[PDB]
Ligand SMILES: COc1c(F)c(F)c(C(=O)N[C@H]2[C@@H](O)[C@@H](CO)O[C@@H](S[C@@H]3O[C@H](CO)[C@H](O)[C@H](NC(=O)c4c(F)c(F)c(OC)c(F)c4F)[C@H]3OS(=O)(=O)O)[C@@H]2O)c(F)c1F
């Protein structure tokens, strides 16, 4: 049981082979969830499940630079369910973040922010009960 929004420091930023694991439960009637991997005020990787965008469920990913959102990356697969426990794993690889939900690969997001070792915070927010947030090197 962690308070949301939660900040997970990433000391010395991220690096390939770093695995971030988030455990929680989606609230009933959730509207959205967000993971924000931040480089100072910039958002290197925003991962944003939306439960009701024009009555569709979609995950939006993007980068924020100098307070400007870039071009969104959207795909169709939506593994979250209101009221249910989830696991998000974010594995940093050399050219992308690799995301799996509930042990199934979901998406990749290519690195736009190049200075990986300055992406030194993960913010976790939105309509979840957050159980734990941690990292390990694999
Ligand atoms: C298929 O359907 C669509 C569509 F319907 C669209 F509208 C778009 C379109 O691009 N929509 C974007 C457009 O309307 C743009 C214009 O400013 O605004 C973004 S919204 C923006 O999108 C960003 C990523 O590009 C962020 O997701 C951003 N959200 C947050 O900052 C945010 C959040 F994600 C949270 F989860 C959150 O609380 C947990 C919160 F407080 C937030 F502020 C969020 O800002 S907020 O909705 O005002 O909060 C739309 O996605 C689209 F591409 C599609 F493909």
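Numbering starts at 1 and runs along the chain as displayed.
Just so you know, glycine gets a Cβ as well, placed from its N, Cα and C.
As recorded in Swiss-Prot:
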DOMAIN    6-136  domain 'Galectin'
BINDING   69, 70, 71, 72, 73, 74, 75  beta-D-galactoside binding site
MOD_RES   76  phosphoserine
MOTIF     114-129  motif 'Nuclear export signal'
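Feature map: annotations from Swiss-Prot on the structure.
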| residue | record | Cβ contacts under 8 Å, 6 or more apart |
| --- | --- | --- |
| 69 | beta-D-galactoside binding site | 62, 63 |
| 70 | beta-D-galactoside binding site | 62, 63, 64, 112 |
| 71 | beta-D-galactoside binding site | 62 |
| 72 | beta-D-galactoside binding site | 60, 61, 62 |
| 73 | beta-D-galactoside binding site | 60, 61, 62, 107, 109 |
| 74 | beta-D-galactoside binding site | 58, 59, 60, 61 |
| 75 | beta-D-galactoside binding site | 59, 107 |
| 76 | phosphoserine | 58 |
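Helix first, then strand, then coil: DSSP counts for the domain 'Galectin' (6-136) stand at 3 helix, 84 strand, 44 coil. When the recorded positions 72, 73, 75, 76 are checked against ligand 1, 72 have a Cβ within less than 6 Å of one of its atoms.
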